[PDB]
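Shown below, as structure tokens, is a lone chain in the form deposited in one PDB entry; questions about how it binds or moves come after it.
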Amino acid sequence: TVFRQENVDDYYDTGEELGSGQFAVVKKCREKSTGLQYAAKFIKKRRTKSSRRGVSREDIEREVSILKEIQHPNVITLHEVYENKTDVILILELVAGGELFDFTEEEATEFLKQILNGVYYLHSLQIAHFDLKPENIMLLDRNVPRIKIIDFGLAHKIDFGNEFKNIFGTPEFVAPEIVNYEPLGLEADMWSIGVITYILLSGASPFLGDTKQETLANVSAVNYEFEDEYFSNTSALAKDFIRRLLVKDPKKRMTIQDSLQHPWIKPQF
């Protein structure tokens, strides 16, 4: 699929940098025709088929295709796509409030519930995000707060219940099936939600070791505990919620629908 080949600079003006990835940079921008503001994500293209630098056209198109499908208040929307020789440029909704963690159980669940609603929408569409972590939970406007899940760079449509292709995010947040290079499904997202919840409530990371290999070993082993010093005041129900997500066997882990009915919620190298 081909994208808009006119110079993006003829239609938008860029401003402050908003964030980045390995082969991407995101800048605030303003559309010349309307004055509406967006975030322009410049994704570096691969220069050759054997290159390890840049993002493959296949991967870029998958992210674009997923973003086009979704319309939900808790997920980032895609406005337009441009491209040139070096970059594909996604014109995305402006999420200007920064990362959630930068910004009590009631406060934690208020944000957690919006994450759950957004993931419920995704999973309803058989879309696994595969990269859920605090850095990808943004606040639309931290001055009003509504969250927006961002960065669909690892996201996949799961049409056969699982995907088998060495998908791998950030060691602290990936499920044991990712660490062990096994078939992956929506369940992996639910693990990552348990990790996010643990950190939300405690400011501590459940599996984090001193090196990447230690973190990964800890994840695979389900080597974590609710440290009394960090969780003394936290309700048993909150811990129960987390415990049912941080389960090695994906089949035994709470689903997104389970998480919404849970008594706490219900009203790599």
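By rigid core we mean the largest C-alpha set that fits within 1.5 Å across both forms. Quick note: we count residues from 1 along the sequence shown, nothing fancier.
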Using the PDB record, quantify the missing residues of the deposited sequence between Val144 and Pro145 as none, 1 to 3, 4 to 9, or 10 or more.
1 to 3
68-76 or 162-170, whichever carries the higher mean Cα B-factor
162-170
Test of understanding: from the entry's C-alpha B-factors, which stretch has the higher mean, 228-236 or 213-221?
228-236
Please pick out which of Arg244, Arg62, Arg52, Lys27 has the largest Cα B-factor as recorded in the entry.
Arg52
Going by the deposited entry, which of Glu93, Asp189, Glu182, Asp102 has the highest CA temperature factor?
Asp102
Should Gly153 be placed in the lowest, middle or highest third of its chain by the C-alpha B factor in the entry?
lowest
Grab the CA temperature factor for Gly118 from the record and place it in the lowest, middle or highest third of its chain.
lowest
Relative to the other modelled residues of the same chain, rank the CA B-factor of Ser259 and answer lowest, middle or highest third.
lowest
Sort the modelled residues of this chain by their C-alpha B factor and say whether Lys133 lands in the lowest, middle or highest third.
middle
Ranked C-alpha temperature factor of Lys32 among modelled chain residues, by third
middle
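One more form of this protein should be noted, the form deposited in another entry, which is absent from this view; the next part is about it.
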Once the rigid core is superposed, exactly one of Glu93, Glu163, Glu135, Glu80 has its CA displaced by 2 Å or more between this form and the one not shown; which residue is that?
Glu163
Yes/no, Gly19 Cα shift of 2 Å or more between this form and the one not shown with rigid core fixed:
yes
